[PDB]
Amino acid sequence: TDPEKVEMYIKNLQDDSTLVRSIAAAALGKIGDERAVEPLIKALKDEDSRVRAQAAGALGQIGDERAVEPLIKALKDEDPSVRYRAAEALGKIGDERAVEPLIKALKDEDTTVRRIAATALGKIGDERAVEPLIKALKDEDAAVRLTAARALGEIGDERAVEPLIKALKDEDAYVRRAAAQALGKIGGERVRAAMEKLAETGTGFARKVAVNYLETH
């Protein structure tokens, strides 16, 4: 990396041009020097939301724990793009302090904030997220249900087994596939038993899934 550029970009975060500021925040994310962390934390309070969002994204890319509480605060932002970037960054950082504020983000009015918050929770892999992600499997948006099924497979808690079995009977073909994939990721005797009962009673895709699972275990 280049240290002369880092210090130039850090100074550009205080420039009067909203374009100069947002590109500077974006560039520090690409470089990823620890020296840019405090300047970017101050850039989360910038008047311009395009600068705020770029400051959030960069903090997730550098991934220093200092930015966890500043980003948690940014999840309460008026703008959904800042909220989205903050939620994503928090998943990349992977600090448990971010779990309860991200569980709140699963109930956001913005569907990209919900989607991204679920994958962030799956990335952190904390158990406190299992029951809220199970509730997120009943979301109006199939993309939010996709991320929740995927996040549950990543965590690997068996409280997700039976909710994922119902999610095989989902309207969306991809939520169904992601639920079967999550079940395989969880594994264990709890899913082999659920598959034994499904391969005998179930219909359609859900039965196909169960039958296939037994072919290997």
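The first residue of the sequence shown is number 1, and the count goes up from there.
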Given 175 to 183 and 30 to 38, the range whose Cα B-factors average higher in the PDB entry: 30 to 38
Given 8 to 16 and 21 to 29, the range whose Cα B-factors average higher in the PDB entry: 8 to 16
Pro163 by Cα B-factor - lowest, middle or highest third of the modelled chain: middle
Within-chain third of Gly156 by Cα B-factor, per the entry: middle
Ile62 by Cα B-factor - lowest, middle or highest third of the modelled chain: middle
Record-listed C-alpha B factor of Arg145: chain third: lowest
Relative C-alpha B-factor of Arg97, binned into the chain's lowest, middle or highest third: highest
